[PDB]
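Given next are the chains, with one letter for each unit.
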Amino acid sequence: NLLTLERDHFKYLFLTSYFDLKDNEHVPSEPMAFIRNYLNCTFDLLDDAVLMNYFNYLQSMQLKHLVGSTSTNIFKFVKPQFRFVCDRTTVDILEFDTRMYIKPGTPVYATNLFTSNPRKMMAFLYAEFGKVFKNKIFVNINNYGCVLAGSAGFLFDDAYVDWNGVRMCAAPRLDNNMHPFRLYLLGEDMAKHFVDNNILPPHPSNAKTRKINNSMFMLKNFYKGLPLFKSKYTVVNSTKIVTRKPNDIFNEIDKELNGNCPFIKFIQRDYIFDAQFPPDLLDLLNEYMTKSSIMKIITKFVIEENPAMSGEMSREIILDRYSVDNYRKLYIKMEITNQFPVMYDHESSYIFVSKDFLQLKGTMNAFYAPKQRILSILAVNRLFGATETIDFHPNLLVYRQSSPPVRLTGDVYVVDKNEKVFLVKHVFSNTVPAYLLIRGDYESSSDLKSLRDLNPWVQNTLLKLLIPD
Amino acid sequence: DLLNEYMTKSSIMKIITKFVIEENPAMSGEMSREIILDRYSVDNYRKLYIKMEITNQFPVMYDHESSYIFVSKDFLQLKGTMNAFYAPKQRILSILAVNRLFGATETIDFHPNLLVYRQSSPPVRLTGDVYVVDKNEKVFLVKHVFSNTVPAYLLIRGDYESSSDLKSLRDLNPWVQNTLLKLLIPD
Amino acid sequence: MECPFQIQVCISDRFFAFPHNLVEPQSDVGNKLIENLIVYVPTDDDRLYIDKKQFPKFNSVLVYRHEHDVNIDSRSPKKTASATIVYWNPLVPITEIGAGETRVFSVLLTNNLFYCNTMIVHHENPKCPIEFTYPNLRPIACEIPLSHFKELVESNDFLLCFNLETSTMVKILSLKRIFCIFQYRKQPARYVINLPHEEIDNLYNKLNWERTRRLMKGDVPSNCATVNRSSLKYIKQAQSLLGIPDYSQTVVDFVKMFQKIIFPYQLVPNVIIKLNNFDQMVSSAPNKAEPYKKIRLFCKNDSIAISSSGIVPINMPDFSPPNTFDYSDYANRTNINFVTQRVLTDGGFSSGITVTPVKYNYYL
Amino acid sequence: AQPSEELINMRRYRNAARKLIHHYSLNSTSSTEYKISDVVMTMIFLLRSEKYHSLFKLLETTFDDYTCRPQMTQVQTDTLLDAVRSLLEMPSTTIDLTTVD
Amino acid sequence: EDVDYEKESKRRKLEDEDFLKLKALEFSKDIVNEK
């Protein structure tokens, strides 16, 4: 008899197959052994109809970029599995970052095949392309793969790769693979040919000894491989919440941060946009987590001391949209060893909006308040919680008519000698760095300071806010 | 249906092009899809995309045969004419050097009143080939190309004084010469 | 255009100078080698830069300025076999060909040649010329460089002109060659042009279309180019409203400085947003007013992307009309009005205040 | 059915009614201001949006002819004032209760 | 095996660095006027 398994375990199958499993303990024993066999890829031992059924199950729990399918062969030959089309990528200013030219709007597919290593094999693919086309001229052959008028082609590239985003800018690496680089294919006619080809590469890397899998290259079915690790959090208490209105979310947040903890940690699991899911599926996801996922620390605009309001540290309290649309507030025992999505060092926290401060329209990190008629800019931190917005207009900038003997202390940066505009350092609660804009008659201990000598973060904000437009 | 899969090499054939004004840069790479159409039926038509090819063979044609330009929807061909047309918004008459018109569905007949004698400025200076059509009527013909690639001749009537280097009708092609011979309609 | 069979095009920036060596005697089928050789050039002056003695392979060598006949125009050119024939940086359509495949070599791809058999032997130029402008002086022989390459090697500031009558295409050719020869220099020399330039902006647009034409088979070079009026004056105003350590600061410095903030703040700078705004077409594009040309931006190993609309899921369109909507219960007009009156009264301000609710994309 | 006559010259109806209203409240400029057919067209043009029907109701109250001043349905009055501003298509130029009265 | 061309392309880059030196020979003054 072939190995066979129940309908229900599709949950485990997708989980393990698609998100780069590491743990295998918590899967039920028999389904786990069956999935082990599957990843061992000795396909003849398992029923085909099982495969077809699971594919239909995915068609039910339908993903966006699924490639259409008709035959089991997809698990037996190199085939496309996802679908894309070239965005604009129409920008001149920065370097192409080794991102080779592509004709805009060209359709594209990703293969099922991955490698540790370019260049050792791709002559094989070149011979395949030789089969594909007879006459050829001026091929843009390269390390990475076939290039010719864009159009038909192929290349090695990483798994998570965006298509036709304008940058590849530096960010820390995290993952490792035995076969990091999936192949990707260009031009529909080659994919059409591959519908026929039903071909598998020669594998002298394994002495061509009929090996199901190869030391330098490997098929995977729809494996995106996004990071995952088991949740282990020392839960104290839980609550689940179901609503759609962010203002209500904000009211809840305020209610919570009237508790003694200075701050709240918030997370946003990424995959929530991807497709339709069983709630039970989401339950299974709840106990494993992806280090790439969005995360923030946010605090109230701290003012002043309630001396009794202290000693809460033991509670660590967090919330996230465990559901695509619903949330899971949690109290946990305070702990070091629990683990969280990796984020860059020195990352600024966020400050929750104030109930009298209005964020400037189309801006960040700057706002105005009426009761004193004052404009303010955070030196570092990032606004949060605004809902309404207000446009700037120069009329707001009432310069003061005060008597000539004005004086000031600390660094002043002149903004305009003509409009008598200036900026001055300030710290709210002796702790929050900020800058105060001002206009009118004012004076200092001389000691003029130059706009050049300032942070880009504030500088860009100011550069728009001047709106010489 | 049986006949469609054979063909007769004597049969009529043409190529036609749009009056290519300008470049949409993305409009490229289409060559692999060659495009054909003909009335496979006595009265009904077959449109085909085919794989681009060299070795396929097509009805016999003389070398240098003039293909055609599709009509411009703002111009008019001149009645009983070929290669000649006029544009109203600019009030200009025009004659193709070689190519042959296609796609028009109606024509205005020539009439002399169309030929504005622009009073113009007293001094006018012009360059290139010039051929006096009629010194008396101050009529002249001048070389021009559209889009650096579309040879044609421009009629003019008025002061339009030019370099001394008067050229002679003798030199021109019989094609255009016939064309002029009629269009002048000295009759 | 028709591209007649039996032609090949070679692009190479080296073709700014004549590649005497490469040409070889053609022969007709039957090995009918033809030692007659004719070459066509844009101007007689070109003849002043070609040595017969390079070509002992041939007994008969003649040179003429190309001239675009009308009477003999054909999509399918006249044939001949009595001589091998070449054109050198030809500008205008050709009507005659010698025995065997004809070859032609140029730096500039015209639209005429697009649908044609071509090779480029491209290479990456690491260096880029810097545009310069000023309200020491280095007058240069316009249009006629060859007697001056030594000067260009031996200086780093230059100015150039043209005769008033110059054909626009000739101007294009001269400029292209100048830039090409510059790109090999070790020092990004300053250059200026003594022209009203209003049309020259459109000429730069031509250069851009040409660059795309190349890219159809090209090297995806990080070629330097920019809009030079709107962008220019705007950036000048920006520097003026900032501290001006340098009257002559390089344009790219702004972007290079701003690169730091991008990843750590995960948001799009206003500078780059007004870039891709002020271009005629590669922008918000006043030619059409198409702000939906928003940037999508990605970085190494991101699980996300960034745009003018903020964070987005990877490889996704802008936003789903279905949503956890910005439900109108919040941002009801009435509540907006209430808060607006609150603000207006508390401020004691007459007019000029306006407000709007925030909104959200896929992500929130 | 033939829906023409109700709004066919929406242009006439809108432009003339708005002109008339500007003549009254905005006192705008000298004209041979009159057409009783336009007066009727005012009502018919009102009878094809709620943001009209409200004002139409108020104006109908005048057909009672008594000089009483109607109760301010404060919230609805305010929303109505905003609808008046909109339907007058003015630069929010301080259209006010006093001009309404 | 390294079937790709990048090695020879790097050789082309070397040749490009060599490219300018030849112009001196191509264009310098000349020993004699044979005419």
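Residues numbered from 1 in each chain as written, not as in the entry; some residues may be left out. Chains lettered and ligands numbered in written order. Part of a larger assembly, values for the part shown. Heavy atoms only, no water.

- Structure determination for this entry, per the PDB record, employed cryo-EM and reached 4.78 Å resolution.

1. Quick word on the overall build of chain E
Move 1: When its secondary structure is counted, chain E shows 2 helices and 0 strands.
Move 2: If one aligns the C-alpha atoms of chain E with their principal axes, the spans along those axes are about 55 × 15 × 10 Å.
Move 3: Here chain E holds 35 residues, and the buried ones make up 17% of them.
Move 4: Accessible area of chain E: about 3,300 Å², with a carbon and sulfur share of 58%.
Move 5: Side chains of chain E give 9 positive and 12 negative charges; the mean places of these two sets differ by 5 Å. (Helix = DSSP H or I, 4+ residues; strand = E, 2+ residues; numbered from the N terminus. Buried < 20%, exposed > 50% of the residue type's maximum accessible area, 1.4 Å probe, protein only. Areas by Shrake-Rupley, 256 points an atom, 1.4 Å probe, with all protein chains shown as cover. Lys, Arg positive; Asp, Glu negative; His and termini not counted. Charge placed at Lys NZ, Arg CZ, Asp CG, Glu CD.)

2. Structural notes on the interface of chain A and chain C
Move 1: Chain A puts 72 residues into the contact, and the matching count from chain C is 69 residues.
Move 2: Note on chain A versus chain C: buried area summed over both sides is about 6,600 Å², and carbon and sulfur give 63% of it.
Move 3: Viewed at the interface, chain C and chain A are joined by 3 salt bridges.
Move 4: The partner of C:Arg211 in a salt bridge is A:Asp92, and the shortest N-O contact between them spans 3.2 Å.
Move 5: Viewed at the interface, chain C and chain A are joined by 22 residue pairs in polar contact.
Move 6: Sorting the residues of the side of chain A that touches chain C by element identifies β8 (263-268), β18 (388-390) and α8 (456-465) of chain A as the ones contributing at least two each.
Move 7: At 6 residues, the largest contribution of residues to the side of chain A that touches chain C is made by α8(A).
Move 8: For the side of chain A that touches chain C, the residue count by class is 34 nonpolar, 12 polar and 26 charged.
Move 9: The pairing of β18(A) with strand β17 (residues 355-357) of chain C spans 3 bridges and is classified as antiparallel. Its bridge partner being in β17(C), A:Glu388 is matched across the sheet by C:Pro357. (Contact = heavy atoms within 4.5 Å. Buried area = accessible area lost by both parts, 1.4 Å probe. Salt bridge = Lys/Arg side-chain N within 4 Å of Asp/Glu carboxyl O. Polar contact = N/O pair within 3.5 Å; in protein donor to acceptor, adjacent residues only side chain to side chain. Nonpolar A, V, L, I, M, F, W, Y, C, P; charged D, E, K, R; others polar. Pairing = 2+ DSSP bridges.)

3. Focus on the sheet that holds strand β5 (residues 76-78) of chain B
Residues and elements named next belong to chain B.
Move 1: An order of β9-β5-β6-β7-β12-β11-β10 is seen for the 7 strands of this open sheet, with the pairing classed as mixed. The open sheet has two free edges, formed respectively by β9 (107-108) and β10 (130-134), since each of these has just one partner strand.
Move 2: Strand direction decides the pairing type here: β5 and strand β6 (residues 84-87), joined by 2 bridges, are antiparallel. Within β6, the position partnered with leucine 76 by the bridge is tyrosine 86.
Move 3: Against the sheet, helix α1 (residues 174-184) engages β5, β7 (92-96) and β10, with an angle of about 145° to β7. (Axes fitted to C-alpha atoms, helices over the stretch in contact; angles between N-to-C directions.)

4. Quick notes on the arrangement of the chains
Move 1: For the 6 pairs of chains in contact, the largest share of contacts goes to chains A and C.
Move 2: You won't find any contact between chain A and chain D; their C-alpha atoms come no closer than 17 Å.
Move 3: Separated in space, chain B and chain E share no contact, their closest pair of C-alpha atoms being 26 Å apart.

5. Describing the environment of C:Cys3
Residue and element names in this part refer to chain C.
Move 1: Here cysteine 3 lies in the segment before β1 (7-11).
Move 2: Look at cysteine 3 and you get partly exposed, because its relative accessible area is 27%.
Move 3: When the C-alpha positions of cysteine 3 and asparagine 31 are compared, they lie 26 Å apart, and in sequence the two are 28 residues distant.
Move 4: Ignoring sequence-local partners within four residues, the contact set of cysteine 3 consists of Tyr115 and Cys116.

6. Observations regarding unusual backbone geometry
Move 1: Of note in the backbone geometry, A:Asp20 takes a positive phi value of approximately 60° without being a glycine.
Move 2: Examined against the element boundaries, A:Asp20 turns out to sit in the loop between α1 (10-18) and α2 (29-40).
Move 3: In this structure, C:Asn315 takes a positive phi of about 50° despite not being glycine.
Move 4: The topology assignment puts C:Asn315 in the loop between β16 (310-313) and α8 (333-347).
Move 5: For C:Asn315, a relative accessible area of 11% gives the class buried.

7. Considering the state of the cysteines
Move 1: With the rule as written, the count across this model stands at 4 disulfides over all chains.
Move 2: Paired by a disulfide, A:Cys169 and C:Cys299 hold their sulfur atoms 2.0 Å apart. For the disulfide bridge between A:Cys169 and C:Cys299, the dihedral angle about the S-S bond is near 100°, and by the sign convention the bridge is right-handed. Residue A:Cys169 is located in the loop between β3 (153-157) and β4 (181-186), and its partner C:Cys299 is located in the loop between β14 (296-297) and β15 (304-307); the two belong to separate chains. The exposure classification of A:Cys169 matches that of C:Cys299, with both residues buried.
Move 3: In this structure A:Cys86 is a free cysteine whose sulfur lies 16 Å from that of A:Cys146, the closest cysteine sulfur available.
Move 4: Look at A:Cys86 and you get buried, because its relative accessible area is 9%. (Disulfide = S-S within 2.5 Å.)

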